[PDB]
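Given as structure tokens, the chain that follows is alone and in the form deposited in one PDB entry.
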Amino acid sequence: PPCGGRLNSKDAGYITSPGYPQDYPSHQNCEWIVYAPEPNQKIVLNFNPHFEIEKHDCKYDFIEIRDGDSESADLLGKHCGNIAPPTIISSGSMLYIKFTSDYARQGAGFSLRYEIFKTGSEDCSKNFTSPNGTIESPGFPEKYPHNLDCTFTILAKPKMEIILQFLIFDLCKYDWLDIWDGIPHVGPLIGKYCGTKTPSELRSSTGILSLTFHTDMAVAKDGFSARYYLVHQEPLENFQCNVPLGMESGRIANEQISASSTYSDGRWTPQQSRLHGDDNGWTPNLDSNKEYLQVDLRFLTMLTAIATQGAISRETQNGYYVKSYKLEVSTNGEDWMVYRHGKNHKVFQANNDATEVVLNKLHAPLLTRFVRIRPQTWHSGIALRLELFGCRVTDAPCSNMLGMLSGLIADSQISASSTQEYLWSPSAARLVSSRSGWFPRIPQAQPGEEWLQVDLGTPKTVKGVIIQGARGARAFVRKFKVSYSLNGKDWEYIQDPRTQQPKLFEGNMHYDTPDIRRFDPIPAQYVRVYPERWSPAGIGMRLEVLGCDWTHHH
């Protein structure tokens, strides 16, 4: 019975060092997460006075309570010895406990009790179904005289884009509103907002977009008002994936554009990098190949071309421009890939002057969120104007992301052949959003032996998979096969007609930058990816499934 887990504190419970009161084993790594079922609520822990753990200076054995979830939450306490810790009340809806044991000597251990601590706050959450409506604070334009902690999620039928736009925003410890590309703390974070930091319009085709929203009576007046729209799309076949993603049009907001630095005078800001801008452009604080213009596309986007120009100094008529550059991309803005062509990097031939435009279509389309252009050579200085071109992965017909990334596929529908940790969070396998990835028990396994499986929950038309490496000697899958099933019990491998043989799909060349693999549309409730080849570090994988719903007679 593997120690640790995730407990839903709706019902008060206990957590104790494995043996307790029997002495705890050596070489031990229990971690728990205690969560309340409402954002509203807090967790409270009270320890049993009979508490014994090894002394010294907690160098060796100890208990650690952290505030939130994961090891990078703030440390509420680290204890060891014979004194139980004092009541720990969470500040969020979640707590993380970790027990550590050295390979030498032990003691009785510890027992605590968890339960929901009620603060006074109200859960004002609402789901939004309707074609158009207002999402706002209760009582807006004024203060709702109560704490709040609320989920607003927009849900859209497939083929419908969600447009969210904020009218007023008036709020980072007391108040905040984060926006999620999915279910909160399951989908990726689009961004945390607070203050009068009024957030730019968002267009999501993920099928959900949700806001978590928290307030305090200590903030005198605060609230927000937004509008949402559900606009029908129509996937053409005759459709090129080369539309501009919106530097010139502005569909990419200033908020989304950033850079390593900018000139001291502040007259060559990032927000001037928009293609065809009549006011200078982007230049950094120095000119070196260690510099970059960053655009956050917010949602997982397909990039197919880059177009760049130089810039004429509006105050001096000088002509600055980039002559060549590298491209650097990431799904989360933390893990980065420099675009390759063959073995080594790809140097893009850019401009010959300030005014004229130079286009560069990528070799093949690249799936990402954050984009960095990186100047390598230039004339005079580093000037830059830019458009990005591509389209949505959803613009293909029957090509919806089916829930791994958002959270509409639950943890319960995500299974695997083996897993390396005794007790393994199924959300670890989610494309982009998972903090690490799926690793099997011996991650250097024999091919066709290991697999990850997704239960879509009802029979769907499945048309592709998106495959990604693993974040946390960095594993990714180099080649794989796919089987599908309706019964969960009778399975067909996706066949290759040339070879007459289970088709062997290409995988990733990188632990972060994912790859879309499509195939003839088949009916399936269950899909399985079986790795065949991988990087030297072993199998590490994240996955999403592409497809759409089933639909005549007389």
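One-based numbering along the sequence shown. For the two forms, the rigid core is made up of the largest set of C-alpha atoms that agree within 1.5 Å on superposition.
Here the subject shifts to the form deposited in another entry, a form of this protein not shown in this document.
- The one residue among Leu486, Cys58, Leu504, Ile516 whose Cα position changes by 2 Å or more between this form and the one not shown, with the core held fixed by superposition, is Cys58.
- CA of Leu211 to CA of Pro145: closer by 3 Å or more in that other deposited form than in the shown form.
- Compared with the form shown here, the Cα atoms of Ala416 and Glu71 move at least 3 Å farther apart in that other deposited form.
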